[PDB]
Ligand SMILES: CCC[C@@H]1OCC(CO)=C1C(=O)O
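Here we start with a single chain on its own, the form solved without the ligand, put down as structure tokens.
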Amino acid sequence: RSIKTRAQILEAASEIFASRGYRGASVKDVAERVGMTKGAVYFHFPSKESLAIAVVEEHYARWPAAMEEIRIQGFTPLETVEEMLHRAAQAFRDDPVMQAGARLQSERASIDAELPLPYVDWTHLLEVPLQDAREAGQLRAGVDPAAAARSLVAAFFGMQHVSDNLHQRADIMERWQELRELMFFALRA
């Protein structure tokens, strides 16, 4: 199937899923947003569930490329972890793909399909530069990179989730900054 067409549908679906959640979203409204028939959307995503799965997978997909870009910007392994989470905070503030993936994952119990497991992709992703930081002497003695990865992913998720629940992520950058300062003070050698 056409990558152009799939990307169009996924962008519209992310806007609608982020704005309305799973139940308020309809394949009919996705089709209208992209100027396609219902049948053209079902050809690519035969069910609303398959569309939700695809949106969730897509909101994890850009991050390995982002981590390579950050290393080319000259950041150390430990700084790379910090910059990844900063970009993620910005994406939660601004990007319907990120907002939709997290909203669908929060509605996980009531979507009748196996969504990708949450948290594990980011945990594994950050463990590698944390391990590189350990090998370079950049991590405080006694800090286990795998534990640091779990703690960062959990704390970041909590921060952005609280910010969404109480303030629609209006304050997310200020909440991340204060949490970031604490956590990275505790990680740096």
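We number the residues from 1 along the sequence you see.
Just so it is clear, the following notes concern the form solved in complex with the ligand, a form of the same protein that is not shown.
**Q** Picking from 40 to 48, 27 to 35, 130 to 138, 58 to 66, which part of the chain touches the ligand in the entry with it bound when contact means heavy atoms within 4.5 Å?
**A** Going by heavy atoms within 4.5 Å, the stretch is 58 to 66.
**Q** With the partner left out here, check for me: in the entry with it bound, does some heavy atom of residue 75 sit within 4.5 Å of the ligand?
**A** So residue 75 does not count as contacting the ligand.
**Q** Whether residue 96 contacts the ligand in the entry with it bound should be assessed with a 4.5 Å heavy atom distance threshold; does it?
**A** Residue 96: no, not in contact with the ligand in the entry with it bound.
**Q** Considering only heavy atoms, tell me if residue 85 and the ligand come within 4.5 Å of each other in the entry with it bound.
**A** Heavy-atom contact with the ligand at 4.5 Å: present for residue 85.
**Q** Please run the contact check for residue 153 against the ligand in the entry with it bound: heavy atoms, 4.5 angstroms, yes or no?
**A** Output for residue 153 is yes: heavy atoms within 4.5 Å of the ligand.
**Q** Heavy atoms within 4.5 Å of the ligand in the entry with it bound is the criterion; list the residues of 108 to 122 that meet it.
**A** Residues within 4.5 Å: 118, 119, 122.
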